[PDB]
Structures are given as structure tokens and as C-alpha cells.
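These values consider heavy atoms only, across backbone and side chains, with no hydrogens, waters or symmetry-generated copies. Counting from 1, the numbers follow the sequence of the chain as shown. Counting starts at 1 for both ligands and their atoms, following the listed order.
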Amino acid sequence: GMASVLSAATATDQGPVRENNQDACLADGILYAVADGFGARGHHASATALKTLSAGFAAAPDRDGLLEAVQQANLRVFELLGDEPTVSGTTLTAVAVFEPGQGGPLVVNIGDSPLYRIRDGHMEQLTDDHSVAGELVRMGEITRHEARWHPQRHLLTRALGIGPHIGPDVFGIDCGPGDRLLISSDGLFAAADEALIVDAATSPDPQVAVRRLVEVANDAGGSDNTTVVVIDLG
Ligand SMILES: [Cl-]
Ligand SMILES: [Mg+2]
Ligand SMILES: [Mg+2]
Ligand SMILES: [Mg+2]
Ligand SMILES: [Mg+2]
Ligand SMILES: [Mn+2]
């Protein structure tokens, strides 16, 4: 029989516009994550968040430990960056592909770096975006497609590292053998045709998929950093 995780891949692309790649990603064991930093020290925010997340999860690799690790990541980023004259911080979306005995696969997310499930050729977003546009989706006022073009898409309503308390979303992931999970920064959906994103995201080899995903985003203009983590489930 097959393992729960068959394989995983990551890619990140600065793009031709941004002067820094302030995204970060993690793929290690059953833990996968993307962090999209913002502000003058957004690179520091996303890298520190993932370093802290990784260490905390390793110390306690269960649901409560993951949640604790996210809390510790928040506090560490805020302790390091909170006295700056402008605000820097990061999104964080973390997936732990737990076995059923540990409650099954789990997502913890803050900000707007979505988790998607790819199943039978369809790609759908499982997480809510904590942005002005994303809150309008959560309120049932606009569609996710509409949110891509909303003029305040870029303004976050929740972020890691900006204050001492955070309330991430936490939920099980309804997935199973043959599904693919994708974690992405918001750069992926900045501009490109959705069909071509899906074409890339369904590439059978996950290492091809991640390269094609960031190429699609770059070819469309590369206005933002794009980072993707693909996980194939068995
Ligand atoms: Cl480029
Ligand atoms: Mg450049
Ligand atoms: Mg960013
Ligand atoms: Mg953004
Ligand atoms: Mg964006
Ligand atoms: Mn971004």
C-alpha cells in the first residue's frame, strides 16, 4: 500500500518587478508551508516565521503543537520587527498531513496565501483570505474570481508578526488518496489565466507542476513573488 504523502515539490520566483523575494516556503516531513512577507523587512518576517514554525512543530508534532508553533512564530516575528518605524509582517499557511489518529490533515492559515485541493481536474480554494477582498468572499458578497480584481485585494486583515496575538483559522482538510494539495502565495493568481494555472497545477510530475506554476505567473507579468508547494497524496 501507499504512503499518505507520495511526494512534494516547491518553487519560488521573485519575478521581474519586486526588488526582493519576501516569500518563503517549507516542505519537511508532513509539514508544508508558505509565508508571504510584506513591508521593508518582509523577508525577515517570512523566513523567521518558518524557521520558528519548523522548530516548534518538530518539538511537538501534533495539532496543538502546530498551533503553539504558529503562536511562537507570531511572537518571535513581533519581538524582532515590532519596533520598526513601519509595519512588516507575513502571511502563513501551514499544512500538516497528519494520519487519522492525529485527527487527519490540518491547515492553519493567516493572511492570503491559499490552500487549494486539486481533484479530478478541478482546483478549488479551501481557505479564506484575510484581506479586504477575501472578507467580502467570506461575507458572501463577491466571488473568489471577483476578489482577484478587487482594488483592495492587497490589504490584509490578519497577519503574523504585527502584534502579540493572532487568531489563525484552523480546520481539517477534506482530502484523500489521489488528491493534490497546493499552497501558494497570492502571486500565483495576480494575473494569469485561470485555465493555464490549472493546466500547470495538474502537471503529473509535481516538480514539473511547481516550475510551470511559477512560469505561468512570470509570463503573465510576474508583478509579485510567487511561491508554490505541491503535495501528492496516497
Ligand atoms: Cl523574472
Ligand atoms: Mg529584478
Ligand atoms: Mg510579499
Ligand atoms: Mg499580498
Ligand atoms: Mg496580490
Ligand atoms: Mn504576495
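By the 6.0 Å contact criterion, CD on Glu146 is enclosed, its count of non-hydrogen atoms from other residues, nucleotides or ligands being greater than 12.
When all heavy atoms are compared, the tightest approach of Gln152 to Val132 is O-CB, 3.5 Å. When every heavy atom of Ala35 is checked against every heavy atom of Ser46, the shortest pair comes out as O-CB, 3.5 Å.
The residue from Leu50, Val108, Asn109 that alone fulfils the side chain to side chain contact (heavy atoms under 4.5 Å, CB included) condition with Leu92 is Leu50.
Hydrophobic clustering, defined by side-chain heavy atoms of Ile, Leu, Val, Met, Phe, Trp and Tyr closer than 4.5 Å, leaves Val208 isolated from every other such residue.
For the Mg ion (ligand 3), the count of nearby protein N/O/S atoms, taking only those under 2.8 Å, is 2.
By the 30° and 60° cut-offs, the orientation of the rings of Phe189 relative to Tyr116 is parallel.
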